[PDB]
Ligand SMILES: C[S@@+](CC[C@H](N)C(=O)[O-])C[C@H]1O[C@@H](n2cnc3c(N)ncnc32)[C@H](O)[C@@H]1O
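Quick heads-up: it's one chain on its own, the form deposited without this ligand, in structure tokens.
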């Protein structure tokens, strides 16, 4: 297809078939080649030290995650980040009712909010126990990343001065969340362990636990 755009003529169809055939040979070698490079140890853009989990957070039952984390780290996490897929669409409801509190006891949470979901984010992180303390802002056009806090952060674990509340797009016209965010988290916690929910394959940085339906 589309039906409309194809030739209905015998001569058009014959030449199209001829050109499709050459093209298939062309892309065949590209596939075989690609597939071979992969076999002989090619390396992905993913950093070595990240924990990708492909799951659905509605279905996901966090307890295994919690148990596994306690088991290997002895602490729950220090920073949680979320770019919810607002109504690919989850109703306000099932995002809201996630049992996030189990996930962390003492640290920071970062949540992305389009202007429509901005207020909703406030009272959903308050529900999870957090106190609103900050907002980063991204210019490209603006979107807010709302920051909240729970527990004691008076440990040496979290460093008090924050590099910026403004963040800037890596590249013109960009729609993936900027990288500088990961660095700022690095400021707040250096070499702590962090969890991301609703993660994408580009969202993976080593030392991070990332969970998402597309990872």
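Think of the rigid core as the biggest set of C-alphas that the two forms share within 1.5 Å after superposition. Only residues modelled in both forms are compared. Numbering follows the first chain given and starts at 1.
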Between residues given as residue 140 and residue 141, how many of the deposited sequence are not built: none, 1 to 3, 4 to 9, or 10 or more? 10 or more
Are any deposited residues left out of the model between residue 115 and residue 116, and how many (none, 1 to 3, 4 to 9, 10 or more)? none
Segment of higher mean CA temperature factor, 50-58 or 169-177: 169-177
Mean temperature factor over C-alpha atoms, higher-scoring stretch between 155-163 and 185-193: 155-163
Maximum C-alpha temperature factor per the entry, among 84, 74, 107, 99, belongs to which one? 74
Quick one: which of 144, 127, 121, 89 has the biggest Cα B-factor according to the entry? 89
Please say which third, lowest, middle or highest, residue 70 falls into when its CA temperature factor is compared across its chain. highest
When the deposited Cα B-factors of this chain's modelled residues are ordered and cut into thirds, is residue 207 in the lowest, the middle or the highest one? highest
Quick check on the deposited entry: does the C-alpha B-factor of residue 64 sit in the lowest, middle or highest third of its chain? middle
Relative to the other modelled residues in the chain, which third contains the C-alpha temperature factor of residue 38: lowest, middle or highest? middle
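As for the form solved in complex with this ligand, it is not shown, yet the points below apply to it.
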Within 4.5 Å of this ligand in the deposited complex by heavy atoms, the stretch out of 37-45, 152-160, 52-60, 65-73 is 52-60
Residue 195 versus this ligand, in the deposited complex: is there a non-hydrogen atom within 4.5 Å? no
Test of understanding: in the deposited complex, would residue 78 fall inside 4.5 Å of this ligand by heavy atoms? no
Can you check whether residue 99 is within 4.5 Å of this ligand in the deposited complex, heavy atom basis? no
Please run the contact check for residue 175 against this ligand in the deposited complex: heavy atoms, 4.5 angstroms, yes or no? yes
Using a 4.5 Å cut-off on heavy atoms, which residues of 65-100 contact this ligand in the deposited complex? 83, 84, 85, 88, 90
Once the rigid core is overlaid, which residue runs, three or more long, move by 2 Å or more at each CA between this form and the one not shown? 14-34, 170-175
